[PDB]
J.: 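One structure follows; several queries about it will come next.
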12 protein chains.
Amino acid sequence: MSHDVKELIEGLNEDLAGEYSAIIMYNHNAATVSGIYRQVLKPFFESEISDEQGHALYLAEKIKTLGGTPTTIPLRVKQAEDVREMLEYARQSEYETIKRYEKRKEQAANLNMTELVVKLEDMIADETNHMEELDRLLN
Amino acid sequence: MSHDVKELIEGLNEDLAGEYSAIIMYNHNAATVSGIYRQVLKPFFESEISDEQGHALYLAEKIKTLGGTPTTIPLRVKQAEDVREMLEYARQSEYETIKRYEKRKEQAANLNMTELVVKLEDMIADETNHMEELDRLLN
Amino acid sequence: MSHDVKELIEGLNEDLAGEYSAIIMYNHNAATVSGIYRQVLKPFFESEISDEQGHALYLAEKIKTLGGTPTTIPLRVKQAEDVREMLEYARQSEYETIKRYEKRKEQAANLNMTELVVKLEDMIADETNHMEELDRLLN
Amino acid sequence: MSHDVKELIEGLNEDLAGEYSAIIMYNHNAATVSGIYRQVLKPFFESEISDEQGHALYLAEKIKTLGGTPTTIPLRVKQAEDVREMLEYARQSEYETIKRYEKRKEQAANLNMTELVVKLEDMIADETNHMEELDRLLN
Amino acid sequence: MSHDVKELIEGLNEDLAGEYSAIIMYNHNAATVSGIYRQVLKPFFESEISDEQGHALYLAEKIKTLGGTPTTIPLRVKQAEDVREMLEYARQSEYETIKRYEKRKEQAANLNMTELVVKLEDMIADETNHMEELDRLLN
Amino acid sequence: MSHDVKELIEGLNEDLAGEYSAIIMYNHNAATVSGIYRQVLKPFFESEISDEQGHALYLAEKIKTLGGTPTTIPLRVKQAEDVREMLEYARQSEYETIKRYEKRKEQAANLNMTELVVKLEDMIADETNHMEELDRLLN
Amino acid sequence: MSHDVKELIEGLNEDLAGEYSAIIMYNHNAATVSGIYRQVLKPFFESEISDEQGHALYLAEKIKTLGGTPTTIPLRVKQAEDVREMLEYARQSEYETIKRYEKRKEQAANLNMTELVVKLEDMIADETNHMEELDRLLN
Amino acid sequence: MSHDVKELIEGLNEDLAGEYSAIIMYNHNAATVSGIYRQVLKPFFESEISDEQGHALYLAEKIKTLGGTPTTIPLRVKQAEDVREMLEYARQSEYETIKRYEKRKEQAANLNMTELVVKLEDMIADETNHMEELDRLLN
Amino acid sequence: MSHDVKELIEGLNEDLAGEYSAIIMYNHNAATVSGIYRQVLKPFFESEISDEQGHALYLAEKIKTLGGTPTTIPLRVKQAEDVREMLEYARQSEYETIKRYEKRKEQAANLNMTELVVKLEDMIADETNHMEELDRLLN
Amino acid sequence: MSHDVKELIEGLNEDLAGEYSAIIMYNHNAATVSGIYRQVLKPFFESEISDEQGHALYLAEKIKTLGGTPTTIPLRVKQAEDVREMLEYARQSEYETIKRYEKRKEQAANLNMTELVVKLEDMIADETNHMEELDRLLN
Amino acid sequence: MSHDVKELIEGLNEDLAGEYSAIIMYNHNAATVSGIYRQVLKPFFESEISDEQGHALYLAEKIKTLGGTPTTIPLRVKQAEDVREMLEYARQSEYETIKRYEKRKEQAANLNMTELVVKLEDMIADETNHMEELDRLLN
Amino acid sequence: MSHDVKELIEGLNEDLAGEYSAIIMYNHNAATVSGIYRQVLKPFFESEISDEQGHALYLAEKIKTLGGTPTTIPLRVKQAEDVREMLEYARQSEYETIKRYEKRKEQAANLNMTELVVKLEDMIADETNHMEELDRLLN
């Protein structure tokens, strides 16, 4: 374990904690969203659950493959007092998730990790899709 | 909010924390299980994820419906050092989940909550199914 | 035909009239709901149609099985002048349907009717699900 | 609202009452048909339910679109004392439904209502299909 | 193994023998039913096969889980000389199966066995469904 | 090529330009609709795309079959500054599409073109369906 | 009924008893198999159930068609004390089933029974497939 | 073209005429069968249509492959005055179809035509299945 | 039976003979078409089979419903010596089928037969679709 | 809006006009392609329609997200006088589409736009797939 | 291992080498076929891949079951300079595959190997199907 | 053909030989894997077959597109004497496949081949997925 690999694993573990956090947040939002648009927003929140589950699985596998230990401790979920807030906090969570992945991409690239760079580019594309959609919903 | 309703909500919130914990545990176990039986056990762990997600959703909805606030903080996941341990700790988690639900059933019954009793009986039946299967795998 | 069986049949027949009424109400609401959320609410109303159809079928079968005659006369549908009213009147109809089923459950239980109690508990759980959802839409 | 449009709406409302009546009749017949051919006839009755539901939806939408108020009061269902009667009364109900639609077609045609004429021609074709099948079953 | 658990296992084993017997009976009836209604009754008999297979599986699993040995010896199948008899003997077999399950339910309830009571209530509901249908076919 | 056939082809070509225009408009609206109801309206717009594609295909085939040349130049799409406008302009486009098809129907009828009249009647019914739905969304 | 047909029917009836026995054995093995490979072996056992059900149905039909009476009495199931034994006894049961079918094939061939020979050849091919697979699992 | 190949082609052409005849007969019977069991028998007749279509296709292909010309002239269909007759004449048609195929099998075998023998054995098995079913319906 | 109904039945019977003829022709063409485009044309021919089967069924049902006897004697199939001819003769057959249906439409219209006119208009539209496609293939 | 973002938006808008143009071209080609290979080429053209629709949607969304206005004006479609030309002009259109996307990729890369680069690389891969296939068809 | 079993295994191993060769050939032909009919022929070649894969699997399993070692060395693939050649060489490969299987059938028959004879007869029927189709494409 | 293109084609041809080799290896391993985990490993091996088939197809197409000739000669398959070896040799084969693709990526990148780089990055990601899974199975 190089220093760079140690620091990449610490990063992936941050990513994984953020992914478990998102899974919790989206279940919570699917359960609690109210008013007529609940009929709209619940399936939306629910669809994000499966997506993030797939990222969580990929990350914990990669951590283990690199010789690390995958965390089981999620980041905190911000408490949303209404639907606007629920969408803004999901958007901010996505923004931070992408920021982290961009950093992880330059870590992976720097270590010549081809498959991991491709996958981080794809997870970036995917989370940017979600964030851009939340912006459309909000504006 | 009666005292009994307050205490039932505290209980449901315990249940919900335990459900988010199980979702984390099962993703973690699907990612990290190794050896030839990984091919067997990963889909098993994965199937439990969707099940527990449905319980988490039901509970957070019910908590909100009863006037409470659903938690987003999961219970800790016990760290498993090998596959036997992974199965024993999943079994123990299920055992505690059923113990809690049995208590919640007598709370719900005591408040004449028909739909909630039916649903707790079903979640009990379902988790007992899983626990009994883990026993078959272990023995 | 005991007196108790006669009174249980009268009850089931009330239930059946209320179920045909709900089928009418939900078709009517699917047809007539307007504004942008029509796109949301029409499928919701439509989904309730099939559910209530299944209850209507079960009840008329049970009535006949107990030696009664199943009614073909529905309860009146309250006329809704706007969408809020449409949701409140559907909610109230569900509330009355559950009240009746709870009474029928204690009738069925009192006559040791196992299969019928299980089914009334399930129809209670199901209608309570719908009513709780309408509350989320309304609040 | 012309006089002709008023009279066309009165007609559609008759049609709609007859459609809710048919939905009730077919559920009732699916529930209550007996003997070995119940295995044959129940699915037949059940299939007609969904068909008539689609006509009910179309009519209530059209009534509202033309500025009328869609009824929620069904026609009476004739009480059938045996299977032959059940098939004869379903056949007669279809016969009356087609008679009404033929009248509505000449109303719609007279008002140059293209889409409505096409749809009444199709509902006529569809109900004639059902009536002809009932004749095959009966003879 | 308490005395009560021993006696509950003896009961489940009776149930299991009766379930293998029903699986045999229904295959036999699907094979041998004749006349035009064979086209009706064969799929009916066939559908019951899969149902009873699922009960057989549940029971043998539960027996093993409680520390017993699941039997592989079925009850006798009554020989049916014609279709009426075939339906009456299937009905009687269902009647006896429900009688046994009701007894097993009070055994399971008496031992506070939540999941097993829920499952026996469901198997009761399911077999009562089948028996009631056979009555409709017969009358 | 009669004069009447020439004039019918000119008409179909207008229709085809209007159909390519609608395909563009609906893609554009699916992409650009914003706010929470985007979740509702995007699938709606998207569904209209496939419908209009099928009309475009039918028309270009018919034009070619009648000896004409199908245009590839769409009508202009009106620019919508907000969601209300987006729905009003889609409604107006549908209104003009139906007006044109009604004219084409009397052209086709006048030339005894059976299959083409049936198809124009159906496209009229279909576009009237869409226009009536837009009215429900708007009112 | 020739002597040869009588002896062929006795044979088919042996086959049928052996098929009901296999259906029992495979349900029993699906229920009771334990350890991690239960996850592997249960679906395997379960798949054999449907296969043997189809042979049981074919045989009872053929017996009846030839003028015989199909048995409802299964062969005994050997009791397996562990998984190795469970696989060896399933293998031996298949071996005996094929031995019998080979004998039945020369009976059917000797009576010029084309369709029955084709079907016995296919059931032989199918059971040999299963037996060869059990050998792979065992070795 | 040997004499044997010429005579085999004449045979296949008889078979093909008989197959087109069966396709006609079964469509005719699906259309015209009456009374309550029409609901049973129409799908049965319809299923035979697709089967015979596949035999017709195979035969015309084989005829062409052997250097012959496939006929387009069907055998006559016997006119059935009621349902019993409809089933007896379908049974007799199947009987004659199998008789012919058995003859064709010994022709194909005699010319060492492996693939054709396998296929005639299968078509024999298939038509014998149908004939045996008709016998069950009739008796 | 009016004279007009007699003459309409004679017409339908012509139509039905032409439909059985088309079913034969298309099977024959699917079997015998050769060269690389066989891969293209066989599925095309095959798709027409199911279409014409549905027309044959409708016609024989209608004939019987009007009090006539449906024919089982097909029109002759023209023998095609190559693929061009196969497409030209299918096209000509379609042309004659449409000519007949147009005549039947004015017969049905003249007798005020709404459902039958709608269905003949649809069969006309459908066969014109096929004929126009054959023209595209040929030119 | 930087100068670079303005110039990237102008580029995307070119891309979008080219995508609407391709959607028109492919519908047009699906409608108008003739001769036996129409059966081959029509589904090919049709498949490209859905692909390009997805690119059009992505681009208009991205334009809006970057603060631009998505165009609704397509590029001209080159008129193809025969099938060879139809394939050459589709190929050339794809060639120009890829040339543009390669330029847009270096624009997006230059602005560090990760998700947009990934998506342009994918659209490049996809259009290159189509162009290479057209080359195989042409050569 | 008898001499006959040794010689049968040598034969199966020839068959297996020929099957891997066919899998290579068909992938190669799917990749490289050109001109407009590529759209036709590529799916054809592709379909043969899965078929031959299933034969390869069966053979290697049987070889191992008989105590032999399955080869991993394919026969050479003849290089095809154009589409005609590609079809002729696929046809010749099929011809040789059938010749070999016919020899293997008389080997298997001679050793009384029932299941293996049935399977070789089926693989013969299947490859003869393919060869006959190639002849239709070529002629 | 530049020198660089010649050397890139030689590389792709190495890749293609390695892909046909993997297809052979995985079929061979699916056929021959033994013991209880055969039930686990056979589907795993089988899934890799389809994956590698898709790479083989892509490569042979690309080789042809670049003006080369795609090889039909596979690399040798290492002979595995047991399951551990089977997994280690599959892992090593994947390792060498990725090493080659990484080299091909820098060749493709060096020639500015966008679509080919994207596809090699994806095939790298995909094979790395498989190799990492084999490591989990092995450790």
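Just so we're on the same page: letters track the sequence lines, and every chain starts at 1.
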J.: Where do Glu61(F) and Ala30(J) come nearest, in terms of heavy atoms and distance?
T.: OE2-O, 4.2 Å
J.: Please look at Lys42(J) and chain F and tell me whether the side chain, the backbone, both or neither of the residue comes under 4.5 angstrom of a heavy atom of that chain.
T.: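 Only the side chain of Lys42(J) comes within 4.5 Å of chain F.
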J.: If you count heavy-atom pairs under 4.5 Å between each of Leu57(J), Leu59(J), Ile49(J), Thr65(J) and chain F, which one has the most?
T.: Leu57(J)
J.: Using non-hydrogen atoms and a 4.5 Å limit, figure out which bit of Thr69(J) sits close to chain F: side chain, backbone, both or neither.
T.: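 For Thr69(J), the side chain is the part near chain F, not the backbone.
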J.: For a quick test of reading the model, state the closest non-hydrogen atom pair linking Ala60(J) to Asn27(F) and the distance between them.
T.: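 Closest pair (atom of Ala60(J), atom of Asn27(F), distance): CB-OD1, 4.5 Å.
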J.: Ignoring hydrogens, what is the shortest heavy-atom contact between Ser34(F) and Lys64(J)? Give both atom names and the distance.
T.: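 Shortest heavy-atom separation between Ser34(F) and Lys64(J) comes out as CB-NZ, 4.4 Å.
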J.: Report yes if some heavy atom in the side chain of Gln79(F) is under 4.5 Å from a heavy atom in the side chain of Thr72(J); otherwise report no.
T.: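 No; the side chains remain at least 4.5 Å from each other.
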J.: Going by side-chain contact (heavy atoms from CB on, under 4.5 Å), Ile24(F) matches just one of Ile24(J), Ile23(J), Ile73(J). Which one?
T.: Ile24(J)
